[PDB]
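Protein chains in written order, with the entry's author numbering: chain EEE, 2 to 127; chain FFF, 2 to 127; chain BBB, 2 to 127; chain AAA, 2 to 127; chain CCC, 2 to 127; chain DDD, 2 to 127.
Using N, Cα and C, we set each Cβ at its ideal position, and we do this for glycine too.
The structure appears below as structure tokens.
6 protein chains.
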Amino acid sequence: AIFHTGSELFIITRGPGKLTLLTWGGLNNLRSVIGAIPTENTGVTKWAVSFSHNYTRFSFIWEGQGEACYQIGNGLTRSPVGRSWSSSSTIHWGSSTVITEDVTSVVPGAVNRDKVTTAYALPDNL
Amino acid sequence: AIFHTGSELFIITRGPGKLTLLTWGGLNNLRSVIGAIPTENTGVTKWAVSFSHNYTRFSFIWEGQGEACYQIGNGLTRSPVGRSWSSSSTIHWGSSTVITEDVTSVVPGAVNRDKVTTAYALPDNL
Amino acid sequence: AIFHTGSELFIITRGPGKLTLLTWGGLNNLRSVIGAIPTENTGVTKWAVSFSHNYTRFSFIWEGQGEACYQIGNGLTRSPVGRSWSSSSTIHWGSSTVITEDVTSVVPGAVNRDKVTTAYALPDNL
Amino acid sequence: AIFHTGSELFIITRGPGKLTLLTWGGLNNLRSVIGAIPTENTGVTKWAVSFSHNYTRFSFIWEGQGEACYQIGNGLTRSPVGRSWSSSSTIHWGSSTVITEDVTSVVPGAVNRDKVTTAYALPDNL
Amino acid sequence: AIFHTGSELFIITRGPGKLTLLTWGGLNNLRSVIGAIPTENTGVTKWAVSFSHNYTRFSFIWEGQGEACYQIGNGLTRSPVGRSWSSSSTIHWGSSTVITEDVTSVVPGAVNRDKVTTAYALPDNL
Amino acid sequence: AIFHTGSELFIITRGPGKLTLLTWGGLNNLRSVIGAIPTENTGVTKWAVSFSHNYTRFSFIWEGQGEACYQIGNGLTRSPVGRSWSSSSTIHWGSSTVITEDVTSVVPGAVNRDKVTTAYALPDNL
Ligand SMILES: CC(=O)N[C@@H]1[C@@H](O[C@@H]2O[C@H](CO)[C@H](O)[C@H](O)[C@H]2O[C@@H]2O[C@@H](C)[C@@H](O)[C@@H](O)[C@@H]2O)[C@H](O)[C@@H](CO)O[C@H]1O
Ligand SMILES: CC(=O)N[C@@H]1[C@@H](O[C@@H]2O[C@H](CO)[C@H](O)[C@H](O)[C@H]2O[C@@H]2O[C@@H](C)[C@@H](O)[C@@H](O)[C@@H]2O)[C@H](O)[C@@H](CO)O[C@H]1O
Ligand SMILES: CC(=O)N[C@@H]1[C@@H](O[C@@H]2O[C@H](CO)[C@H](O)[C@H](O)[C@H]2O[C@@H]2O[C@@H](C)[C@@H](O)[C@@H](O)[C@@H]2O)[C@H](O)[C@@H](CO)O[C@H]1O
Ligand SMILES: CC(=O)N[C@@H]1[C@@H](O[C@@H]2O[C@H](CO)[C@H](O)[C@H](O)[C@H]2O[C@@H]2O[C@@H](C)[C@@H](O)[C@@H](O)[C@@H]2O)[C@H](O)[C@@H](CO)O[C@H]1O
Ligand SMILES: CC(=O)N[C@@H]1[C@@H](O[C@@H]2O[C@H](CO)[C@H](O)[C@H](O)[C@H]2O[C@@H]2O[C@@H](C)[C@@H](O)[C@@H](O)[C@@H]2O)[C@H](O)[C@@H](CO)O[C@H]1O
Ligand SMILES: CC(=O)N[C@@H]1[C@@H](O[C@@H]2O[C@H](CO)[C@H](O)[C@H](O)[C@H]2O[C@@H]2O[C@@H](C)[C@@H](O)[C@@H](O)[C@@H]2O)[C@H](O)[C@@H](CO)O[C@H]1O
């Protein structure tokens, strides 16, 4: 299952843009969260994308002119990230698969946590 | 503040061991989570450590013979991680610094999520 | 077009095994060539795969038990390599796409050039 | 012998320029090929240089202001590349050594395949 | 002891600046040496700092806008370097720690060997 | 001149062994120094070799089954290190080149400083 040790969610992007994570499907009516994380890098950025406990749905898109792909754990495959919410990259908690899913109706209701959500660009010096 | 874009929490470790994350201070009686994340690497492991929405305390320790340090964003400083829950590395949500705190009172009530919490070892091919 | 500058063919594998290249569709009555290139690496091996002048078809498989993917140029996507001749990774000269093609009818006529064909594992010190 | 598994031909260059490969000594009257491959990198470029089946001579030069060296396999030695066709770097099929050779008599006959010959710059994300 | 095998002195800096080394406490009235080593790198520079035989004191500072840290051997800790001679990073021969020492009284007697002392920036291609 | 900024002395080795430095040609009646620096590494080790102030001769050998080469600054060329004191790699202070020199006559009178001379293996975390 994605997010377990060995099945971590990594993203690789090229050039500048924003990776946005939608955290939703909250247990016990917990509020959905949406936050955009910018990169100004000209080249490749590597990213770690985390879940939050007590949520069952994680959806993400890339907004940038360059490519963006996800990798599961140390798997070799790198597959394109969704580029709009009607064809978002989505994980159902417990799934081993990223699917394409329309989450356009979830986005406006989510609390805005731009630059403070669970997706992180790795620096030059790690 | 740590966990904001630019102040991401990275850990570097040497040799095999377990990084354990205690997620606590949950809003509205959300249950605390404890999970250990193993590595078997003989050398260096790099890690990205995430928060979870709706929690306000994040405590971590390293259990291994080899060193463990944290780095904030692309800062050059690397400082040691705590090695037991009585001297845990702890972050209070909104703080810009890691402190040393005894969280032994929080551990017994935490639900075990070994290999499925918000700390991730970076693989060899990222 | 694959094999042109900017669209070089790279392979990424995990663990030991043989990458086997079938060079075929030769002009000027040229004999097809088949050659297996071994790696003994436990971890990730990166590879550069070249065409040969005067041939119009290039087909390859990974015979190892670990994962294998190809990357075109500095593209981010990495997609699985074929694992049998009936589902080979195949390039038609001039195409920008690696297709899946059955080349079992070509293999028996090819001259064996094991360890001496146009696929190369990159070393640890490049 | 160079181009066999273990004795792969790699180039290292600094700054922008063209690596040009002459493929000649074609069996059965096969047409010699010349093709220049550009790099615009300001720093180091690593390259993989392939042979073509049915040819028995491979000559290459670097036209760039910066340095250029070849490495055989995982050998540590890096030695300078020829900088003109009268002092080309040349491999005789079956040889274990790159020698200096004057191939100006071969170049005029060769068909131009610029940006489409068997020498490849490795990208930033391999 | 620092400068023994396993306890090599490395520095990590960000951005352009100069690292200066004061070699002093020479036996047999050997003259003290001071030399500044510049970098123009915009990003992270890694440095190896050597002692000289027959000296008992080694002091160093970083002059630059960006951060500077030292690391001992393959240890994970990175700690700040001194930024003026009144607060120098200093090693007493045989000591396992870097101390803060005011060596303003030593600096005038030293011979200037800018760009020719025993601290070295590591290049892009090592 | 070797050892000036831009012309730093680096070594690359494969497999386990020892790099030995002989510091001689001392001014001010200084005794010659010899010291072996071992590595246990199975793969490639990178090294920084420093001079000592007040000496004019620096001679080094690699004793190991595996290859060993030197590189000057960020130059691309890598050339073999001497494998015995009768064929040492030698630098005359002020020279821009490494020569071969027999220094067997210096060795017996040199003070032994094994694991404590000015040649350093670079670690995995730099
Ligand atoms: C183990 C796990 O992931 N369980 C998921 C279920 O979530 C747990 O449900 C029980 C109630 O039966 C408790 O509410 C528990 O707190 C829930 O776990 C918490 O939330 C999940 C989503 C994880 O983040 C977990 O680490 C956290 O402790 C869930 O109800 C079902 C269906 O959605 O999925 C289970 O996999
Ligand atoms: C913006 C933020 O991080 N706020 C923190 C407070 O948490 C929010 O509290 C409000 C009510 O005042 C709501 O309960 C809101 O849902 C809370 O935010 C959620 O939980 C926090 C911890 C973050 O994970 C956030 O992204 C998430 O939406 C919090 O009560 C106090 C505790 O000191 O800190 C505030 O910084
Ligand atoms: C430029 C090119 O790639 N052309 C391909 C054609 O191959 C050439 O065909 C001509 C006659 O039409 C000659 O036979 C020439 O030698 C051929 O080029 C040689 O072979 C090709 C496959 C490449 O390796 C090239 O570099 C080499 O010189 C080919 O016949 C057609 C049909 O397949 O494809 C053309 O793209
Ligand atoms: C095995 C090999 O490399 N052989 C070289 C000879 O080339 C082969 O010659 C035979 C005739 O004896 C056939 O014509 C065969 O198709 C030739 O092999 C082809 O060309 C060589 C150059 C390689 O690319 C090979 O993979 C390809 O199948 C060759 O005539 C002589 C000349 O130097 O060298 C032999 O090593
Ligand atoms: C082993 C060592 O570091 N010795 C230090 C002493 O220095 C040596 O002193 C003896 C006389 O007792 C000789 O003069 C000898 O040459 C000195 O060693 C030389 O200088 C030292 C600092 C090192 O660079 C060494 O490699 C070099 O050969 C020193 O006198 C005392 C007190 O400061 O410390 C000893 O550690
Ligand atoms: C600047 C330099 O490297 N000079 C070398 C000369 O060394 C200096 O010689 C004078 C007397 O003429 C003093 O003895 C002085 O202390 C010497 O400099 C010291 O030693 C040299 C080897 C360097 O380590 C230097 O940094 C240190 O201060 C040397 O006499 C001549 C001839 O060998 O070469 C000069 O390049």
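Partner residues on chain AAA for residue i, Cβ-Cβ distance less than 9 Å
i: residue 13 of chain DDD; result: 77
i: residue 116 of chain BBB; result: 5, 6 and 7
Integer Cβ distance of residue i from residue j, believed to fall under 8 Å
i: residue 10 of chain AAA; j: residue 73 of chain AAA; result: 7 Å
i: residue 61 of chain AAA; j: residue 52 of chain AAA; result: At roughly 11 Å, the Cβ-Cβ gap does not stay under 8 Å, so residue 61 of chain AAA and residue 52 of chain AAA are not in contact.
i: residue 111 of chain FFF; j: residue 50 of chain FFF; result: That belief does not hold up - the Cβ atoms of residue 111 of chain FFF and residue 50 of chain FFF are roughly 17 Å apart, past 8 Å.
i: residue 126 of chain DDD; j: residue 77 of chain CCC; result: 7 Å
i: residue 90 of chain EEE; j: residue 71 of chain EEE; result: 6 Å
i: residue 40 of chain AAA; j: residue 14 of chain AAA; result: 6 Å
i: residue 119 of chain FFF; j: residue 46 of chain EEE; result: Not confirmed; about 20 Å, so no contact.
i: residue 36 of chain DDD; j: residue 116 of chain DDD; result: 7 Å
i: residue 79 of chain BBB; j: residue 79 of chain EEE; result: 4 Å
i: residue 93 of chain FFF; j: residue 57 of chain FFF; result: 7 Å
i: residue 25 of chain CCC; j: residue 107 of chain CCC; result: 5 Å
Cβ-based burial, residue i [other Cβ within 10 Å; buried from 16]
i: residue 68 of chain EEE; result: buried
i: residue 95 of chain BBB; result: exposed
i: residue 18 of chain BBB; result: buried
i: residue 55 of chain EEE; result: buried
i: residue 2 of chain CCC; result: exposed
i: residue 85 of chain CCC; result: exposed
i: residue 43 of chain EEE; result: exposed
i: residue 98 of chain CCC; result: exposed
i: residue 83 of chain AAA; result: buried
i: residue 7 of chain CCC; result: exposed
i: residue 75 of chain AAA; result: buried
Contact list for residue i against chain DDD, beta-carbon separation under 7 Å
i: residue 38 of chain CCC; result: 6
Where residue i meets chain BBB, residues with beta-carbon distance less than 7 Å
i: residue 52 of chain AAA; result: 119
Partner residues on chain BBB for residue i, Cβ-Cβ distance less than 8 Å
i: residue 68 of chain EEE; result: 76, 77 and 78
Interface partners of residue i on chain FFF, CB under 7 Å
i: residue 9 of chain EEE; result: 121
Contact list for residue i against chain BBB, beta-carbon separation under 9 Å
i: residue 125 of chain AAA; result: 75
Residue i: contacting residues in chain FFF (beta-carbon distance under 8 Å)
i: residue 81 of chain CCC; result: 78
Beta-carbon neighbours of residue i, restricted to chain CCC and to distances below 8 Å
i: residue 49 of chain DDD; result: 49, 51, 121 and 123
Chain EEE contact residues for residue i, given Cβ-Cβ distances below 8 Å
i: residue 34 of chain FFF; result: 54
Interface residues of chain EEE facing residue i [CB-CB closer than 7 Å]
i: residue 31 of chain FFF; result: 55
Interface partners of residue i on chain AAA, CB under 7 Å
i: residue 24 of chain BBB; result: 54
Contact test: residue i Cβ vs ligand 7 heavy atom, cutoff 8 Å
i: residue 42 of chain AAA; result: As for ligand 7, it is missing from this structure, which binds only ligand 1, ligand 2, ligand 3, ligand 4, ligand 5 and ligand 6.
> Taking only runs of the beta strand (DSSP E) that begin and end inside the region 17-95 of chain CCC, which ones reach a length of at least 3 residues, in chain order?
Replying inline: Complete beta strand (DSSP E) runs here, min 3: 18-27, 34-40, 45-50, 56-65, 69-73 and 89-93.
>> When you compare the region 25-33 of chain CCC with the region 97-112 of chain AAA, are there three or more beta-carbon pairs, one atom per stretch, that lie closer than 8 Å?
In response: The count of Cβ pairs closer than 8 Å, one atom from the region 25-33 of chain CCC and one from the region 97-112 of chain AAA, stays below three, leaving the stretches out of contact.
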